[PDB]
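Here we start with a single chain on its own, the form deposited in one PDB entry, put down as structure tokens.
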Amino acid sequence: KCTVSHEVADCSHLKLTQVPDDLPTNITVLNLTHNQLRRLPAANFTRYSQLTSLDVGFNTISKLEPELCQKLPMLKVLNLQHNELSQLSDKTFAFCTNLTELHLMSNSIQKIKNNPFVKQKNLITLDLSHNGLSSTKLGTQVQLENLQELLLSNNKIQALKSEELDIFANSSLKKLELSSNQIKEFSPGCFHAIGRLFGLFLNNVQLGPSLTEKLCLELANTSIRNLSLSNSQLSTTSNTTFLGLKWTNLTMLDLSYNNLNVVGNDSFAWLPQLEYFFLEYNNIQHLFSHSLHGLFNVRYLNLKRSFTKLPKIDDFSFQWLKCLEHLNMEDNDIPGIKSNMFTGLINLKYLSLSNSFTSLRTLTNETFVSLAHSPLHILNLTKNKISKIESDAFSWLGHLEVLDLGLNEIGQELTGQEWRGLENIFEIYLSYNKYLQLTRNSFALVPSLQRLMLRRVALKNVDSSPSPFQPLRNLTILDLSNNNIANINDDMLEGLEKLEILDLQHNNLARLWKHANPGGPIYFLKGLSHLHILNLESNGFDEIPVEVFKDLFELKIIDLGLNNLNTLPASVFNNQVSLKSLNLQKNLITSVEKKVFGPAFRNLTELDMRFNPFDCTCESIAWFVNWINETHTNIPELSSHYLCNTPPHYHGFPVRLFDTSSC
């Protein structure tokens, strides 16, 4: 019937007309979320003596007799969604007061009649989302004394009146939804009648001028803390709007997607207590210095796409925001950084510049001077079409932790004059760059680096110098991939003992392990004792030295994949003990031996020897089948992937189907 895990009979989608009538009587959450019922009589419900959370949403119910609440005193939450309870009665639930929540979304109620509910001793939440109510006259006398979160989410309301809220004379409202409902009037006095109206929501409602000013004057001398004015058409700002909000102790605001085209003058100076600020997605075209007056208590700023595709951010237009901590100037057409742009933001901790500049092709020394007095922790700086980094463009940044310089066009030949300072650098994101030629002293000025990401960067001059990574001693992740590197000496990793991940993925090292190379194969995987993941993939090594993996003892994953490698030498994994995985996908391995691959399969957990064309004979795969008989190693699927290919005698067979006793 219905799956029951512990105490929930989750009848998810079982189109039914009657209750199941066969579940244990101690179930509570009879989650019949679509089961097309039409009546809930007080006879079948008798067995359900421990029902707690009756959820029958998305159903077609038109009547609820009071007898239903006779047999359910333990009910806590009811959720009647998308029903047809247009008609309501005084006794549909009158004595039925033990709820802890209530929801009646999309019941299509056009009238509240007289007083559908008058006790409501424990009603925390009440939702009327998509009904069509045109008032707030939910009663006639004092009631709802314990309601917290009322939701008039989307209705046909037109105004607000003092008399209609008299029922809320002593109700502590926390977060009041009046969103998505065109209001065109506010009669004098609405919210001082309500005892503890804290929140307020006016999103997706067109207020505009001649209404916003009257609203903010109406809110006067009220205990409102949050606010919401998203998508409300507000093309400008003046010192007369939000004037009445000088007496409110308001701690939040929301003015996003409203297309604030221009900011006139000293505005917001009437909001000295604003702690959050949402002006994202605006069509702003200018920014005067006196635009942001008095916002000295704002802690979060959201300007992701306010500055539209040229704006002229005036001089010293940020000096007033003395308490800003999070900046969101991400996706704008800001034309370059002026010398007096970001002055005074000494509380800044997050910059988020990415796709903002159409002028930052280069970074000169006198370009980041504005942030000299401002501490900085995260410097995003991605894909602003940066061309080249000149000398000492990061001198003014001393507390910086992340230099996330990826998706850029940085093509040059470094010398070490671009990271002057940056003694507290913890991460550089140099991936996805055009080219970067090295020297022996390019990273000598950053001994504190911990994460050198060098993927998809055509990295030359890697072997000619003594060691480009010799100064690096606190490096843990060395991402070196998609660079077409094809010549390496014992210089990658000299003194780098705390390196943990050494990806070398799309590299042409195939020719430098061969046995015909003068001086022997290059044994560059040396000196490593704390390497966790070493992805030597997609290179083309058709050979492995017997002692190529001597230094690696605690290594976990030793992935060698997508190569032309076969004929594994014996004892190749002899010394690796804590080798929690292998991977030799898409190779030419055909024969497995108890010495070649025995000691490696001890404490294993995964294998992906997927597409190698196994030779299928009683000696080629015998230990392998006797080992896959009992799989303490959670190997992935063995169906239609491991196949017998070489010998025509028994060709075309999965490995497990081999007969062990025949040989």
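The term rigid core refers to the most C-alpha atoms you can superpose between the two forms while keeping them within 1.5 Å. Residues carry their position along the shown sequence, with the first being 1.
Below, we turn to the form deposited in another entry, even though it does not appear here.
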| query | finding |
| --- | --- |
| Residue among 303, 227, 558, 345 with C-alpha shift of 2 Å or more between this form and the one not shown, core superposed | 558 |
| Large Cα shift (2 Å or above) at residue 159 between this form and the one not shown, core-fitted | no |
| Core superposition between this form and the one not shown, C-alpha change of residue 586 at least 2 Å | yes |
| Residue 90 C-alpha moves between this form and the one not shown by 2 Å or more, core aligned | yes |
